[PDB]
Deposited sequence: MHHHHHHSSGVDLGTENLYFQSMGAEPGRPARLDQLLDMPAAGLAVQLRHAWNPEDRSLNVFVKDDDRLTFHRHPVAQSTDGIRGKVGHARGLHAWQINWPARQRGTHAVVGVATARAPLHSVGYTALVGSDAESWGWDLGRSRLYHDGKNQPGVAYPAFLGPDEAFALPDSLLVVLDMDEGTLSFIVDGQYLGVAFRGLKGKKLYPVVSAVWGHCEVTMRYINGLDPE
């Protein structure tokens, strides 16, 4: 476990303005999702059949260590609830029900129900994650180290290890892909550290 991870986590979490600046982007989304009027940190997915839908955060990270919390009620996950990161090129919509985040070279994601990591998922098989194994609770932390070029996760205070490597040099945004009608996913930026 990196020492920098605890340094970031043990600072008081970012305030509302920062949370809002790093929240889901209403300009960068599948047309089937919308940022809630009463809660700018959460999106709502319209109940569209045979549709996979994504949204990126407003901020693309290039350097430093960053973490954010995803709150995704377990009952609102369906067959493919994928959490991760993506370049600006990652498609935010697919037909059918797919692990859209992690489907090609432009995104990396953890499919919550399958407990599988996808990257270039159309050509590469999913990877079991965590490596030691797992029923996922409603919230999890996503840790993006743009200096080491890693993606990691924290579930129930437990650091689950490195999920992905080779992210340095990219501009990566928080992203999720959802298939469940009426699902609501909240993202709250925790904090960032400089390189």
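Taken in order along the deposited sequence, the stretches absent from the coordinates are 1 to 28, 162 to 166, 229.
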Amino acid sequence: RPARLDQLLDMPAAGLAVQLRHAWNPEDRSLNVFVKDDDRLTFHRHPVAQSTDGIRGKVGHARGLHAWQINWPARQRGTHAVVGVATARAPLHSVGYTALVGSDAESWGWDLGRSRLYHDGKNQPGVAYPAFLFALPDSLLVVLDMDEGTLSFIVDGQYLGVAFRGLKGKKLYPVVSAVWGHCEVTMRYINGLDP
From here on, numbers count along this sequence of modelled residues.
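As recorded in the PDB entry, 12 to 20 is the stretch of 175 to 183 and 12 to 20 with the greater mean C-alpha temperature factor. Higher mean CA temperature factor between 95 to 103 and 116 to 124: 116 to 124, per the PDB entry.
Ranking 43, 164, 153, 132 by Cα temperature factor from the entry places 132 first. Ranking 27, 53, 37, 138 by the C-alpha B-factor listed in the PDB entry places 37 at the top.
Sort the chain's modelled residues by C-alpha temperature factor and residue 66 lands in the middle third, per the entry.
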